[PDB]
Number of protein chains: 2
Amino acid sequence: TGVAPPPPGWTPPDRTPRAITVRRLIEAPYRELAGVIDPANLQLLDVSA
Amino acid sequence: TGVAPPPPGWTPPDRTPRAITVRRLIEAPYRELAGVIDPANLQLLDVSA
């Protein structure tokens, strides 16, 4: 025959999870602990926490 | 007639909740309270808790 069938099917999504390339680790300063931890528990926190 | 109709219908699931036969009550030791209660509130807990 002359005609040919082209690819178009469903084109499944390519989820295939990849590893994260951009990232970072940090230490939480007192600013967040002040606003996310209640005073009663915060005051008992030692300086080395 | 000669042939007879057999039971098969839908066979509904028998959920019909039953009472629990095996069970127990216990007192939580300090091990779990240490890991589930923050130090600030834990330190204020009396010995009789």
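Structure determination for this entry, per the PDB record, employed cryo-EM and reached 4.46 Å resolution.

K.L.:
Can you lay out the environment of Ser48 of chain B for me, pointing to particular residues and giving the numbers?
P.N.:
You can see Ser48 of chain B is positioned in the segment after α2 (39–43). There is a polar contact of 2.8 Å between the side chain of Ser48 of chain B and the side chain of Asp46 of chain B.

K.L.:
Outline unusual backbone geometry, supporting the account with residue identities and numerical values.
P.N.:
Backbone phi values are negative for most residues with the exception of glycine, while trans is the configuration of most peptide bonds. Positive phi is not limited to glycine here, since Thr11 of chain A has a value of about 55°. Note on placement: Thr11 of chain A falls in the segment before α1 (30–36). Residues other than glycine seldom take positive phi values, yet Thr16 of chain B does so here, at roughly 35°. Among the secondary structure elements, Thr16 of chain B is positioned in the segment before α1 (30–36). Residue class for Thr16 of chain B comes out partly exposed when judged on its relative accessible area of 36%.

K.L.:
Can you tell me about the pattern of salt bridges, naming the residues and giving the values?
P.N.:
All names here are of chain A. Tallied over the full model, the rule gives two salt bridges over all chains. Among the ionic pairs, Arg18 bridges to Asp14, the shortest N-O distance being 2.9 Å. Taking relative accessible area as the criterion, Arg18 reaches 65% and is therefore assigned exposed. Look at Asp14 and you get exposed, because its relative accessible area is 60%.

K.L.:
I'd like to hear about the side chain of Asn41 of chain A, residue by residue, with values.
P.N.:
One can find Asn41 of chain A in helix α2 (residues 39–43). Ignoring any residue separated from it by four or fewer positions in sequence, one finds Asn41 of chain A in contact with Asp38, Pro39 and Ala40 of chain B.

What counts, and where the lines are drawn
- Residues numbered from 1 in each chain as written, not as in the entry; some residues may be left out.
- Chains lettered and ligands numbered in written order.
- Part of a larger assembly, values for the part shown.
- Heavy atoms only, no water.
- Helix = DSSP H or I, 4+ residues; strand = E, 2+ residues; numbered from the N terminus.
- Polar contact = N/O pair within 3.5 Å; in protein donor to acceptor, adjacent residues only side chain to side chain.
- Buried < 20%, exposed > 50% of the residue type's maximum accessible area, 1.4 Å probe, protein only.
- Salt bridge = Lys/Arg side-chain N within 4 Å of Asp/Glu carboxyl O.
- Contact = heavy atoms within 4.5 Å.

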